[PDB]
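> okay, structure incoming, though there's no sequence with it:
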(Lines give C-alpha, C1' and ligand atoms only; values in the text may rest on other atoms or scores of the structure.)
Protein backbone atom coordinates (compact mmCIF):
# COMPACT_ATOMS: atom_id res chain seq x y z
CA UNK A 1 0.00 0.00 0.00
CA UNK A 2 1.80 3.08 -1.32
CA UNK A 3 1.10 5.91 1.12
CA UNK A 4 -0.85 8.92 -0.14
CA UNK A 5 1.46 11.92 -0.51
CA UNK A 6 -1.67 14.08 -0.73
CA UNK A 7 -1.65 17.07 1.61
CA UNK A 8 1.11 16.17 4.07
CA UNK A 9 1.19 12.38 3.77
CA UNK A 10 1.70 10.89 7.23
CA UNK A 11 1.99 14.24 8.99
CA UNK A 12 1.75 14.14 12.77
CA UNK A 13 -1.25 15.81 14.40
CA UNK A 14 1.38 17.91 16.15
CA UNK A 15 2.36 19.79 13.00
CA UNK A 16 -1.06 19.87 11.35
CA UNK A 17 -2.65 21.74 14.26
CA UNK A 18 0.40 23.97 14.67
CA UNK A 19 0.13 25.04 11.03
CA UNK A 20 -3.59 25.72 11.40
CA UNK A 21 -2.93 27.93 14.42
CA UNK A 22 -0.68 29.97 12.15
CA UNK A 23 -3.28 30.13 9.38
CA UNK A 24 -5.86 31.54 11.80
CA UNK A 25 -8.45 30.53 9.20
CA UNK A 26 -11.67 29.35 10.85
CA UNK A 27 -13.20 26.51 8.85
CA UNK A 28 -9.81 25.39 7.54
CA UNK A 29 -8.64 21.79 7.90
CA UNK A 30 -5.76 19.40 7.30
CA UNK A 31 -6.36 15.95 5.81
CA UNK A 32 -3.76 13.26 6.46
CA UNK A 33 -3.32 9.49 6.19
CA UNK A 34 -2.78 7.26 9.22
CA UNK A 35 0.22 4.96 9.57
CA UNK A 36 -1.67 2.92 12.15
CA UNK A 37 -4.52 2.45 9.67
CA UNK A 38 -3.16 2.72 6.13
CA UNK A 39 -5.78 3.66 3.54
CA UNK A 40 -7.76 5.66 6.10
CA UNK A 41 -7.51 9.39 6.76
CA UNK A 42 -8.05 11.95 9.51
CA UNK A 43 -9.57 15.41 9.09
CA UNK A 44 -8.30 18.06 11.49
CA UNK A 45 -10.50 21.14 11.24
CA UNK A 46 -9.47 24.60 12.44
CA UNK A 47 -12.64 25.95 14.05
CA UNK A 48 -12.23 29.10 16.15
CA UNK A 49 -8.94 28.90 18.05
CA UNK A 50 -8.89 25.11 18.28
CA UNK A 51 -8.76 22.04 16.04
CA UNK A 52 -11.16 19.09 16.04
CA UNK A 53 -10.31 15.64 14.69
CA UNK A 54 -12.71 13.79 12.40
CA UNK A 55 -12.29 10.20 11.21
CA UNK A 56 -12.27 9.76 7.43
CA UNK A 57 -13.06 6.13 6.78
CA UNK A 58 -12.83 3.96 3.66
CA UNK A 59 -15.87 1.89 2.72
CA UNK A 60 -16.12 -1.39 0.83
CA UNK A 61 -16.48 0.45 -2.48
CA UNK A 62 -12.98 1.90 -2.29
CA UNK A 63 -14.69 5.18 -1.43
CA UNK A 64 -14.33 7.47 1.58
CA UNK A 65 -16.86 8.81 4.09
CA UNK A 66 -16.91 10.79 7.33
CA UNK A 67 -20.41 11.81 8.39
CA UNK A 68 -23.79 10.13 8.17
CA UNK A 69 -23.90 12.47 5.19
CA UNK A 70 -22.09 10.71 2.35
CA UNK A 71 -21.17 11.85 -1.16
CA UNK A 72 -19.36 10.28 -4.10
CA UNK A 73 -16.01 11.26 -2.59
CA UNK A 74 -14.34 12.87 0.41
CA UNK A 75 -13.72 15.86 -1.86
CA UNK A 76 -17.44 16.34 -2.48
CA UNK A 77 -18.65 16.02 1.11
CA UNK A 78 -16.10 18.47 2.50
CA UNK A 79 -17.24 20.92 -0.17
CA UNK A 80 -20.81 20.25 0.91
CA UNK A 81 -19.68 20.82 4.50
CA UNK A 82 -17.71 23.81 3.28
CA UNK A 83 -20.93 25.68 2.48
CA UNK A 84 -22.86 24.07 5.32
CA UNK A 85 -21.93 23.51 8.97
CA UNK A 86 -21.13 19.92 9.94
CA UNK A 87 -23.38 20.21 12.99
CA UNK A 88 -26.28 22.15 14.48
CA UNK A 89 -24.42 22.26 17.80
CA UNK A 90 -20.81 22.57 16.65
CA UNK A 91 -20.60 25.43 14.16
CA UNK A 92 -17.71 24.04 12.12
CA UNK A 93 -17.09 24.34 8.39
CA UNK A 94 -14.50 22.61 6.22
CA UNK A 95 -12.73 25.22 4.10
CA UNK A 96 -9.85 24.88 1.64
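Arrived safely. Residues are numbered from 1 along each chain as shown.

> quick one, phi psi at the residue minimising distance to the centre of the chain?
Nearest residue to the geometric centre of the chain (Cα atoms, centre = their mean): residue 43, 2.1 Å. Dihedral angles of residue 43 (phi, psi; degrees, to the nearest 10) stand at phi -120, psi 110.

> does the nearest residue to it once chain neighbours are set aside count as helix, strand or coil?
Computed as Cβ to Cβ, 6 or more residues apart in numbering, the closest residue to residue 43 that is not its neighbour in sequence is residue 54, at 4.1 Å. The C-beta positions use only the backbone N, C-alpha and C, and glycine is treated the same way. What DSSP: H, G, I helix; E, B strand; the rest coil gives for residue 54 is strand.

> for stretch 6-19, the distance to its chain's centre please.
On the basis of Cα atoms, centre = their mean, to the nearest Å, stretch 6-19 sits 11 Å off its chain's mean C-alpha point.

> wait, what's in contact with residue 32?
By Cβ atoms under 8 Å, 6 or more residues apart in numbering, the contact set of residue 32 is 7, 8, 9, 10, 11, 13, 16, 41, 42, 44.

> many thanks, have a good one.
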